[PDB]
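Below, each chain spelled out in residue letters.
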Amino acid sequence: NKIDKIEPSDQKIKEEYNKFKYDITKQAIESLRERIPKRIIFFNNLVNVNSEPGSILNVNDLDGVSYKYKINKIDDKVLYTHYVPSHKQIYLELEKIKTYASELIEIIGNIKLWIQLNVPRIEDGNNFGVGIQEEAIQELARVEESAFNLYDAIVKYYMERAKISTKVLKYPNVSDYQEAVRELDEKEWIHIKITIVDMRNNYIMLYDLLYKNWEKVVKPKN
Amino acid sequence: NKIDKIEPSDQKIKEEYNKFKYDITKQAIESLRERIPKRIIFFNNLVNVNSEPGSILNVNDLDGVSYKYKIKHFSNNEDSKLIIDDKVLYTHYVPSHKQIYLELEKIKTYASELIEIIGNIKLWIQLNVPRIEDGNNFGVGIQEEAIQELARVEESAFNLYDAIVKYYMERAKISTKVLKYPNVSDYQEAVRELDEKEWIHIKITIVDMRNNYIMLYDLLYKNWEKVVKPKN
Amino acid sequence: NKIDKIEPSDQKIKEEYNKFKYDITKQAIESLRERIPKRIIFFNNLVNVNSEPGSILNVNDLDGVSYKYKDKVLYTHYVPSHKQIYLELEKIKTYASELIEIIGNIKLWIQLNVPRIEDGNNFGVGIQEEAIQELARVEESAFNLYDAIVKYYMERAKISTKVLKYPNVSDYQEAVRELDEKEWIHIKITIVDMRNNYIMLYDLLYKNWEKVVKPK
Amino acid sequence: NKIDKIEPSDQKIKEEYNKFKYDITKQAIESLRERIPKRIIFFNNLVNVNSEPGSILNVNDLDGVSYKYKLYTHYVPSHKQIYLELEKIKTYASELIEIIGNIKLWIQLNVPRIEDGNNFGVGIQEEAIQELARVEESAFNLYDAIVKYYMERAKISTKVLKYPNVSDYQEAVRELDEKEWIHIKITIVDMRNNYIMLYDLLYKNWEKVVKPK
Amino acid sequence: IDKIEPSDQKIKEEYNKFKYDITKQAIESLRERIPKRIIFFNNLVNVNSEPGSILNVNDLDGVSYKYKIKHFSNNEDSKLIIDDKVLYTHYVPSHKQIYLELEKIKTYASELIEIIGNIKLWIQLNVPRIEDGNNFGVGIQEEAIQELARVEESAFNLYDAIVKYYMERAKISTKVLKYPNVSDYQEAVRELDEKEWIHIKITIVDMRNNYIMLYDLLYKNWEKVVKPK
Amino acid sequence: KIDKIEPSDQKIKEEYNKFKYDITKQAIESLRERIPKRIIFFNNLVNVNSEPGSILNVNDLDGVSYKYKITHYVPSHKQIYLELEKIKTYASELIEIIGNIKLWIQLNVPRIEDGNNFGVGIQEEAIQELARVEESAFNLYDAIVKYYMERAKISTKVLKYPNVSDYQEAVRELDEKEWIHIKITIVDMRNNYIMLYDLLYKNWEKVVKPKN
Amino acid sequence: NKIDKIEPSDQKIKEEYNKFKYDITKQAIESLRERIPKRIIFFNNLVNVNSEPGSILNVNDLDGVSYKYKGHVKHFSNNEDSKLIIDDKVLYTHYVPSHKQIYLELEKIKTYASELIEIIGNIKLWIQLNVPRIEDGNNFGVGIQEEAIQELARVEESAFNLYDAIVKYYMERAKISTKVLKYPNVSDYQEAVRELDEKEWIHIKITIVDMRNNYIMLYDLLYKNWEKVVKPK
């Protein structure tokens, strides 16, 4: 009543699948030999490890005047007596953050998939090297998950900033609402810079982790 | 009060039941030999592993202009406030993202077929769990691990249907805020970001399809001997 | 510190109680020999395992035009309910009602079959607990369907309220459509989970029947 | 650092205290020999185990027309039928809480002095107290759940008045009533089944519940 | 330096007196205060009562304190505009019967926290130096403190719950005024009062039963609570 | 590279060592004097010898002077305000005293080694209780803001519904709750000081030298 | 399936990578030998351990009168403390200032938190880079390394949350001030503003102590376990 072999029946698909496992290995090795070290230097050029404290995580280049509450005393924000514009400077920086996050997820996802495809058949005993594989997969997914949540967090920034702006329009002299907008912008600005450092450091620990344990990641058994 | 057989009494049902267990095994084997490999190539053809970094998870092909706030019902009164049927009424038009709609429809298709295929492979293994015994059940642990990984992918795809309703609800809510507060520019940026978020989530969903289909296939292929006969 | 035996004092009650334990066992065996297998085949006929992928969990047979935004007062804002989904939801509740009755009595019978607590040689009693737990999970799972149905109508009503207030904000109308499409899928997934739960319970009891009845 | 016995000082209270321990034991035994079997047959007569599937948990006896939404004012009445059925539930739950609490307390009063080893029978006692407390807490939550029904039904009814043509709000009232109707009957079955498993559990492990050592 | 006895000798004595005074109060509670309260609460909810004679609602006034479809005597049952804000003159009385019963509940809870609190503290102060092994009696001490703390914390939450009753009753009563056509809002007030009435009585039983299981627990394991080693 | 991490600046090394000396000084001073003084102090406010119900009562609570008045305002409970200020003082001094005793024990955990570190568990047990009481006192500042915010909300409802009496009963019950909560806090102060002191005193030998 | 070495192909990249690992070690050692002890004494100078009880966590230096409701910029100067109709919507000209004293103190907190995040991240990364190749057995010292990394991340996340709490302060103060404008008859709303400011003043000072204590607890942890943190094998 049964056959118990599950090789793909279509021989053309069987080759395309095997070509796929080859192509991943290329991308995985390629990321480790070229892409990732270059990205380490890239983010380091943005947040140099040798910087003195407070020279990275500061708020001095943050424009606190161009994008605050304004009064007016084929169109735009001119038919209204008071508007509250968005922080274009933070917008431009957030756009860069998403690019760093996308390219990270692509790179990490294929390296993680490659290690998963290298996990051997489950057996009893002598699978200490498999734990190393699992630790690497775990750390890769953790970094990947962290970058994935950035896209949703950015929508929350605009939604939260907009809510406060409505309150500023209703209570334009209650100053704590305006300080809240400023503080929201300053917080997002700091979070952006901490994200960039996390990029730099994550690429480094992931590269260092895989490099040290490369022999067990590839051949986890004898 | 001491009978110890519970085979179905109806011989027609006994036949229909046994045929059902056969059909499961049949469909499960077919999914592994053809349906899954075909989809591995399919999704890879959509998000190729050989793509250059940033060429998959980008937003360059997302129309960010055709479906933003503009300045059909109630054709006589455009962009106005009405009092109709004793209630307040906004004849302000804010369109949906026709581009995202078409992509979201395809996602549900990928999710539907995944639940059907993965669920049956999971069901087949579950129905293949042996009688509970003490000891010598290491192979049962392999069965449980496979069922867990199969169930995780299945549940992840199942959550997509509910999440899509939230996209339209969330997009609709913010658009109301743009209509009430055209001065708060962040409400317009929030709509813009929401579409960008959904566009990225769509593409990451497709990659997860590709990768889940392969690791599940690769996992089952490697442990196939213990998944079928966990004790002999 | 007086007398320490507790058989029911009224002898007529003792008979009705013993009769009750007989009536459960009959119903429990009957559920395993006929009621559950008959229902497994029924739900499979609704979501057949032999269907091509996507032909089960789809939305092709869902009417998406008859019940969208278009008598009691001299009104203009009328928004009907999805009569097609209503009929399917009514069928779901019967499936859930019949499940709780069938599974609950099988569970009670197994509970009544747990022996006196003793130390050791109770591996089969652990099997009994697994069966009772799995039966209770399926019972609890089906039980929550009634509340989920109330939420569907409530959620559809709120969105429909939003469509009346913002008749040109198109995403509110998409949200109604997607809500109905979601329920249509959930209805079918509910039927699959019914089918799969009944058989996994049946397969579980069948394989371990000896330890379920005589764990010692 | 003075005196190390804590027997009650008042001899009249000491007598009343022991009488209470006697009265508990009496009530508990009476509950197991008469009160619980009597209710098992009682609840079974309301939800007979021999009923065909769906004949218990149905909605056929639920009035779905008398209590729906009605110059012209418009009111929304309560489901007087569900009111009537919910009142009985609170009666069933109250009598259960009274009965189980004293049986649970009696076993608690029968838990021995803590010793090392040979306290396997105490585990039987603990298991029994756990199940009694579980059933008691389950019945206790019914009073708060009933207030939510009226609160929830009132909320939806407000929406029907505000949006009298959005029919899903009217379906929500109907569905809520059908949900409460089903929950009522599931509660009655849970009563029957709880009384039986509690009685069956105590009967089987009676020797260790009374003499754990 | 490695000794930390108090430098002030008057303080050092007062501290020893306090440990003595606690031991005094705890024993008094076990010998007199607790048994008296066991009988007291039992006289309120006698164990010999037939089922339903305790947890019923027959003695609850459900008619005197419902909304009748005093300040601002000129405009009765009306909506006003004062200081540019909305004003409702509508009168809705409080449930005076439940108020009197709740006041007693707070008294029972206050006396419980004081009595149970000192017994718990006394046992805690009797925990020996932490050592490895031969600490089976310390587990008994820990078990007693846990049950003592559970009863104490349970009673402590009653003060907060009583505020919620008045807040919830007022909220629903507000809805009855806004929606006199929604009959379920009127049913909700009734059920809330019936719920509080039942909860009050179950609280009284829990007082009775907690006093007994606590007294029985300490008496049976008294030897290990004082000399766990 | 190089494998020493003594502070490079010789001036900092002295300033740092003086700090660790000052910590030990303050912690011992707290255990020998500050804490026992607090035990007697709080006991004199909630005497253990009090008859039941004489502590946790509401008899001394002014419940009429600060109710809804008559154009209509709603005043604050000045009596509770004065008692809340004292509560904050007790909590501040507690955090300061307990924090240094906790910090000193944390600074006294030895170098990590494998096995024969039963005494380190005692240190951890002591730190856990010290932090628990400190965290409990820390939340008092936030809880006080909630009192006024909650009281103001109810008073807002009383102004909107001046004849719905349950809203007025809610104000009264809130004040009575805060009055009781204040006193339970003082007892918890008294009891925590003793349980911490008694715990440290009994296990003092292992708290200081957990390994010999 | 070919070669299983993944050294960077460009020798130039290997130099910047190796230079980077050296530059971290420099920064980490510099932080442990100089930066952190300096910070310990600094925060101690703000909340001195030798202070008598209640002299630190008090409210005596808090201006609670200058900024309550009767460097900002008053708007709608023609209509003061009134309701207006602007862009067909509701508007309250009412002026309610911020607490400049709390503002200045919060600005200092953010610098303390930023410099902490910068310092801790490099020490943590350095230890992460110093965790050896995974091997079976003799990895008791790696547990020390992991424990050290764990505590470093806890402190780093703790400081990170200060920025959001500061946004919450202003939002909370603004809402209550809104209530004071609507209900000047409810005296408890005015007390809530006062208590909110008093709460933040205390939280500011407790934050500074938590800084001080975390810097020393991290330094004390690394100093005592230095041999196993660097060479666990």
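Description of the structure in this document. (Residues numbered from 1 in each chain as written, not as in the entry; some residues may be left out. Chains lettered and ligands numbered in written order. Heavy atoms only, no water.)

**Here we look at the overall build of chain D**
Right, on to step 1. For chain D, the helix and strand inventory stands at six helices and zero strands.
Right, on to step 2. The secondary structure elements of chain D, listed N-terminal to C-terminal, are α-α-α-α-α-α.
Right, on to step 3. Compactness check: chain D gives a C-alpha radius of gyration of 24 Å against a globular reference of 17 Å for 213 residues, more than 25% above the reference.
Right, on to step 4. Here the C-alpha coordinates of chain D stretch approximately 85 × 45 × 30 Å along the principal axes.
Right, on to step 5. Counting every position in chain D, which comprises 213 residues, the buried fraction comes to 57%.
Right, on to step 6. Counting 32 positive and 33 negative side-chain charges, chain D places the averaged centre of each group 3 Å from the other. (Helix = DSSP H or I, 4+ residues; strand = E, 2+ residues; numbered from the N terminus. Rg over C-alpha atoms; globule rule 2.2 N^0.38 Å. Buried < 20%, exposed > 50% of the residue type's maximum accessible area, 1.4 Å probe, protein only. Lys, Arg positive; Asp, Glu negative; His and termini not counted. Charge placed at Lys NZ, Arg CZ, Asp CG, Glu CD.)

**Some points on helix 3 (residues 120–140) of chain D**
Residues and elements named next belong to chain D.
Right, on to step 1. Look at helix 3: 30 Å from first C-alpha to last across 21 residues, which is about the 30 Å you get at 1.5 Å a residue.
Right, on to step 2. Those residues of helix 3 that fall on the buried side of the exposure criterion are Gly121, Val122, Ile124, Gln125, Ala128, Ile129, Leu132, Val135, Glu136 and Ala139. Down the axis of helix 3, the buried side of the element spans an arc of 155°, and every buried residue falls inside it. Across from the buried face of helix 3, at angles greater than 90 degrees, the exposed residues are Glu126, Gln130 and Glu137.
Right, on to step 3. Looking at the packing, one finds that the buried side of helix 3 touches helix 2 (80–109), helix 4 (142–162), helix 5 (167–204) and helix 6 (206–210). (Expected span 1.5 Å × (residues − 1). Arc of directions from axis to C-beta. Contact = heavy atoms within 4.5 Å.)

**What to know about the interface of chain G and chain A**
Right, on to step 1. Counting residues at the interface gives 69 residues for chain G, matched by 58 residues for chain A.
Right, on to step 2. The interface formed by chain G and chain A contains five salt bridges.
Right, on to step 3. Our enumeration of links across chain G and chain A arrives at 20 residue pairs in polar contact.
Right, on to step 4. Of all the secondary structure elements, the ones that give two or more residues to the side of chain G that touches chain A are helix 1 (11–46), strand 2 (89–92), helix 2 (100–129) and helix 4 (162–182) of chain G. (Salt bridge = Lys/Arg side-chain N within 4 Å of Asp/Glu carboxyl O. Polar contact = N/O pair within 3.5 Å; in protein donor to acceptor, adjacent residues only side chain to side chain.)

**A short note on a positive patch on the surface**
Right, on to step 1. Residues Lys155(D), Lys171(E), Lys178(E), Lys153(F) and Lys175(G) make up a contiguous surface patch of positive charge.
Right, on to step 2. With respect to the secondary-structure elements, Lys171(E) resides in helix 3 (residues 136–178).
Right, on to step 3. By relative accessible area, which is 41% here, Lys171(E) ends up partly exposed. (Patch = residues over 30% accessible without salt bridge, like charges linked within 9 Å, V, L, I, M, F, W, Y side chains within 5 Å. Areas by Shrake-Rupley, 256 points an atom, 1.4 Å probe, with all protein chains shown as cover.)

**Details of the packing of aromatic side chains**
Aromatic rings in a pair are described by how distant their centres are and how their planes are angled relative to each other.
Right, on to step 1. Inspection of every chain in the model, using the stated rule, returns 66 aromatic pairs over all chains.
Right, on to step 2. Ring plane angle 70° and centroid distance 5.1 Å describe the contact between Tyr152(C) and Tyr153(C), whose orientation is recorded as edge-to-face.
Right, on to step 3. For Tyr152(C), a relative accessible area of 4% translates into the label buried.
Right, on to step 4. In textbook terms, an aromatic cluster arises when at least three aromatic residues are bridged by ring pairs, as seen for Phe42(A), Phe43(A), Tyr100(A) and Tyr203(A).
Right, on to step 5. Sitting over the face of the ring of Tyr166(E), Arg172(F) holds its NZ or CZ atom 5.7 Å from the ring centroid. (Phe/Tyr/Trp six-rings, centres within 6.5 Å; stacked < 30°, edge-to-face > 60°. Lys NZ or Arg CZ within 6 Å of the ring centre and 35° of its normal.)

None of this, on its own, says anything about what the molecule does.
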